[PDB]
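Undergrad: as a preliminary step, the opening chains of the complex are given here in situ:
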Amino acid sequence: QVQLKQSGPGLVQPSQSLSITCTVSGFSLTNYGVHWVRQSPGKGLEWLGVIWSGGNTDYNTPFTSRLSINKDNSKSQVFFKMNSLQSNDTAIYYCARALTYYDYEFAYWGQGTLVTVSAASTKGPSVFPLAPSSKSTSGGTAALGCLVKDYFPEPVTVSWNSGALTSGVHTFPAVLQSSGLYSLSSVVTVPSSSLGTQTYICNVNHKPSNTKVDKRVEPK
């Protein structure tokens, strides 16, 4: 029942600042320090700093002047704030808790927060069906999918039939198009005979633009 949940992924403009909330449960901020760790293309896993039980903070050397960590013990919330972001601050940001109150053995992690630094605007995606067909069958097995196109920034979550359908699902890594917008597909293979009985819906969520689309996918 120990958990850390972070605020949603988002875009930040160059030189602007980054704010993330880590809400914890199954323990008390008065008893444990919360650490912040990011993971970037440039530097991999990188420890950023910590807020201790009693409110003291330590910040990693290159972040002394642009990092502030605060908390609200009663609300079980820890607040991370970093100023003056540049492109190479694009990274997944994590809060984490150690096993023991004073240590650095990170046993519990938040789900991460993908932060993109860019001057671009947020754009929600269009969802298009990848319809099952004769040219999409294979010995009693049909492939079908969703094309999630022209969004920014990453990430987008896709699930099938509201979480209920997982077997045979592949959600591909997003590719960056020349437009500078991203695109990905998510596919699933199902029995051909279930195409008449079962409904198939990809649930698309692009949190940075708050775009939620449920796309029904049918034989054409």
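TA: Cool, got the structure. Numbers count the residues shown, from 1 in each chain, chains lettered A, B, ... in the order given.
Undergrad: where does the most far-flung residue of chain A relative to its centre fall, helix, sheet strand or coil?
TA: What lies farthest from the middle of chain A is residue A:139; by CA atoms, centre = their mean that is 36.3 Å. At residue A:139 the chain is in coil, as set by DSSP: H, G, I helix; E, B strand; the rest coil.
Undergrad: gap between it and residue A:59?
TA: 59 Å (CB to CB, to the nearest Å). C-betas here are computed from N, CA, C, even on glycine.
Undergrad: same check on residue A:67?
TA: Counting by CB to CB, the gap from residue A:67 to residue A:59 is 5 Å.
Undergrad: now do the shared contacts for these two.
TA: A:48-49 (CB atoms under 8 Å, 6 or more residues apart in numbering).
Undergrad: quick one, domains of chain A?
TA: For chain A, curated CATH domains gives the domain ranges A:1-118, A:122-219.
Undergrad: coming back round to it: for the residue farthest from the centre of chain A, give its distance to residue A:218.
TA: 21 Å.
Undergrad: which strand or helix spans residue A:50?
TA: Element membership for residue A:50, per DSSP states H and E: strand A:44-51.
Undergrad: quickly list what residue A:184 is bridged to.
TA: residue A:148 (DSSP bridges).
Undergrad: with the structure above as the base, add chain B:
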Amino acid sequence: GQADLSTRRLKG
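TA: Putting chain B together with the chains above:
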């Protein structure tokens, strides 16, 4: 060798 954004995994 490096962390990939689209993958959340190492890629080359």
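Undergrad: who's in contact with the strand holding residue A:50?
TA: Outside strand A:44-51, the residues that touch it by CB atoms under 8 Å, 6 or more residues apart in numbering or on different chains are A:33-40, A:57-60, A:63, A:67, A:69-71, A:78, A:80, A:91, A:93, A:104, B:2-3.
Undergrad: neighbours around the closest residue to residue A:187 other than its chain neighbours, how many?
TA: Spatially, and ignoring its direct neighbours in sequence, residue A:187 is nearest to residue A:145 (3.6 Å; CB to CB, 6 or more residues apart in numbering or on different chains). By other CB atoms under 10 Å in any protein chain shown, the residues close to residue A:145 number 26.
Undergrad: pull out the buried members of the contacts of strand A:44-51.
TA: For the contacts of strand A:44-51, a neighbour count by 16 or more other CB atoms under 10 Å in any protein chain shown gives the buried set as A:33-40, A:59, A:63, A:67, A:69, A:71, A:78, A:80, A:91, A:93, B:3.
Undergrad: point me to the residue of chain B nearest chain A.
TA: At 4.2 Å from chain A, residue B:6 is the closest residue in chain B, using CB to the nearest CB.
Undergrad: helix, strand or coil for that residue?
TA: coil.
Undergrad: as chain C, please add this:
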Amino acid sequence: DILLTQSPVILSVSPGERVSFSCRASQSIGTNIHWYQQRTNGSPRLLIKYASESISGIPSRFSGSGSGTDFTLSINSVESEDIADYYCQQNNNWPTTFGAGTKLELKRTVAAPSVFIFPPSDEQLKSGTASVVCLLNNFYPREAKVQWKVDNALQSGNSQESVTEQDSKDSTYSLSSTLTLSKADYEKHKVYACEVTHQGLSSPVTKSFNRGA
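TA: Just below you will find chain C, in place on the chains above:
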């Protein structure tokens, strides 16, 4: 800061085999090293703390050793679900630092891709763009060629590929090739074909459709 070097960057083993991850430190760090597993879309998962100590919920097949500068993360009998990245962390010296990681991939028998092609939806054609998608599903090894042809014209530069990480259950990959066209170009031609080449196919497989049917 203490530099941690993980070698090699990539490990490829068959299931049931033993596998060692190496992590070397730029000066002695005693036994103050922790190891993590990171799966696709996952947060780091703590496997071993202080070089050799167990963690609740981590399978017994994971263990670690070493002291000073040379450490090993061991999986004695590797399973398909161990497909992940593995990191080491030192905390003998402030600030705690992480190695760059080692990728663990599994070997398995050759598996030919199942190939499926999808015309652009009429929905998308309204927007003025056409995407043609070719899916290569559940194959091994990763290397594959997708060739696009429109009315026998070779397509080049106007497609993009994405490949899933290795599946944790069956150790296969899947690949999508998206050919992108203007609607105008799309409505100007009839035959859309993707030809797939792979080690598991005795000859290339072509999936095609005619715009319309």
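Undergrad: the contacts of strand A:44-51 with chain C there, same question as before?
TA: A:33-40, A:57-60, A:63, A:67, A:69-71, A:78, A:80, A:91, A:93, A:104, B:2-3, C:44, C:87, C:89, C:95-98, C:100-101.
Undergrad: next secondary structure after that strand?
TA: As the chain continues past strand A:44-51, the following element, by DSSP H and E, is strand A:57-59.
Undergrad: and that following strand, how far from the chain's centre?
TA: 26 Å (CA atoms, centre = their mean, to the nearest Å).
Undergrad: the next helix or strand after that strand packs against which elements?
TA: Next along the chain after strand A:57-59, taking DSSP H and E as the criterion, comes strand A:67-72. Judged by 3 or more CB pairs under 8 Å, 6 or more residues apart in numbering or on different chains; DSSP states H and E, strand A:67-72 is in contact with strand A:34-40, strand A:44-51, strand A:57-59, strand A:77-82.
Undergrad: tell me which other helices or strands the third one touches.
TA: It refers to strand A:57-59. So strand A:57-59, by 3+ CB pairs under 8 Å, 6+ apart, packs with strand A:44-51, strand A:67-72.
Undergrad: partners of the strand holding residue A:50, with directions?
TA: Note on strand A:44-51: by DSSP bridges, its sheet partners are strand A:34-40 (antiparallel), strand A:57-59 (antiparallel).
Undergrad: could you export those as JSON lines, including distance to residue A:131?
TA: Formatted as JSON lines, the strands paired with strand A:44-51 follow (distance: least, CB to CB, whole Å):
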{"stretch": "strand A:34-40", "distance to residue A:131": "37"}
{"stretch": "strand A:57-59", "distance to residue A:131": "52"}
